[PDB]
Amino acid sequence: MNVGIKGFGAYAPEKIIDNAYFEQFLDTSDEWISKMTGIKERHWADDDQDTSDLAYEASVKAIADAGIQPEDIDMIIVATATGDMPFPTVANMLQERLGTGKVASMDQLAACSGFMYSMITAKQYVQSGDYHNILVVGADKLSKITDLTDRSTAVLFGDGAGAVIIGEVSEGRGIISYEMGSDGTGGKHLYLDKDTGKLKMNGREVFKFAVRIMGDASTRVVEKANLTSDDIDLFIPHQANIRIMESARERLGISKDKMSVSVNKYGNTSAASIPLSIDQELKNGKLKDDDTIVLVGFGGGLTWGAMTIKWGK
């Protein structure tokens, strides 16, 4: 069976925060933040706009791009680490707000790698024959869990959502290959502090792990598709660090003009990261039907995923 992306949409909130903003509360600079991360601005949800609101905005665009009606959706999976509540889930709230039938809806947690975990989950369902139009969202409001007193993390993170309908697509298109994994030995390097409610990171260890796993997962998922570097039209890594993305690109062996970079405008958006990058490449006319794209990400867990997708219905 050919299972792919029948429609796509992405949303970042209105409020844009520049690097210079942090200088009034923290010992940081534009020059420091830019050099180290490649981030120039990030988007932050308003106080009354939660993860579910970002998810909603991305999903309605996905459904219009898919040319289906809400009643066509036969399951909702939201990848988020920052759901409004553990119950009801962002997935539940979208069932109500999108006005779908009373279909199965759940949040899946794999941090930064969640969007890829959920798309793969959706694929398994569609391949059974029982599901035709599965809404997969990657949404994080990371601004809720950012320690604004820590210069090392306060500057990293922003908010957004992406969404795809996973269903049947035409011959040769869709999800060709995927790789998922985890390594709980790295949990202590990137976690949500149980007391403060804030993201805690051993940056140097996350860096070293990100460089290796991003390199490994992307080359492996290309080999599994029986493709080489030369067959890839776009490399779309999870957007967190320009150095990490560069290192992964070098391992894979593809040219810089072939790597999607949106970290400069969104910072890191966890599950929303890859979709916000895809949105940029669609609108700039760098991604079209029949292009072969490689996604890769790592996350707190530690988690990782990678997929080879041929673009189009």
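All residue numbers refer to positions in the sequence shown, first residue = 1.
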### Query
So 106-114 or 236-244, which one's hotter by mean CA B-factor in the entry?
236-244
### Task
Read off the CA B-factors in the entry, average them over 210-218 and over 136-144, and name the higher stretch.
210-218
### Out of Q124, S177, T228, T80, highest CA B-factor residue
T228
### Task
Tell me, please, which of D84, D130, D183, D159 has the highest C-alpha B factor according to the deposited entry?
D130
#### Entry: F22 - which third its CA temperature factor falls in, relative to the rest of the chain
middle
### Message
Split into thirds by Cα B-factor across the chain's modelled residues, where does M307 land: lowest, middle or highest?
### Response
middle
### Query
According to the PDB entry, is the CA B factor of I68 in the bottom, middle or top third of its chain, that is, lowest, middle or highest?
highest
### Task
Taking the values exactly as deposited, rank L190 by C-alpha B-factor within its chain and report the matching third: lowest, middle or highest.
lowest
### Message
Where does the C-alpha B-factor of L276 rank in its chain, lowest, middle or highest third?
### Response
lowest
